[PDB]
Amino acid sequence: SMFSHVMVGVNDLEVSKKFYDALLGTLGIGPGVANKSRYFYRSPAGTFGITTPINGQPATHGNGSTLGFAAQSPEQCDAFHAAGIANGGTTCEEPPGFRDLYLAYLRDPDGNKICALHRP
C-alpha cells in the first residue's frame, strides 16, 4: 500500500467504535482494538485508526478530506452504506451507484467523509 495508515479524530471513542465496527465489518475488517485513547483496525495492507485528538480540543472533519476503503464488490459498497447509516453515520448527497467504479459515500458521527470503492 501507498499508505501506512490513516487516522481520523473522533469525539466519542465508543460511539465511533460502534460505527466503524459495523461499517468496516461489511468489508471483513475490525472490530477495533484499543490502544491508549485510540482504536485500530488493522490488516496485512493498511491500518486505520480513530483517536481522541492529542491537543485536547474537539475532533472535527477536514473539508476536502475523503477516506476511501477498498471493497470487493458493489454489494459490499451497498452494505457499507446501510451499516454506517444504521450505526450513527449519515448519508451523503449521492446515493451508492456506478460513476463513469462503484462508490458509496457516508459521513461518520463526527462528519469525517468516507467512501467504499469497488472497481470490477
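Position 1 is the first residue in the sequence shown; the rest follow in order.
The entry shows a gap from residue 100 to residue 101, with 4 to 9 unmodelled residues of the deposited sequence in between. Stretch comparison (65-73 versus 88-96) by mean CA B-factor in the PDB entry places 88-96 on top. According to the PDB record, 42-50 carries the higher mean C-alpha B-factor of the two stretches 22-30 and 42-50. Of the candidates 114, 117, 8, 2, it is 2 whose Cα B-factor is highest according to the PDB record.
In this PDB entry, the Cα temperature factor of residue 12 sits in the middle third of its chain's modelled residues.
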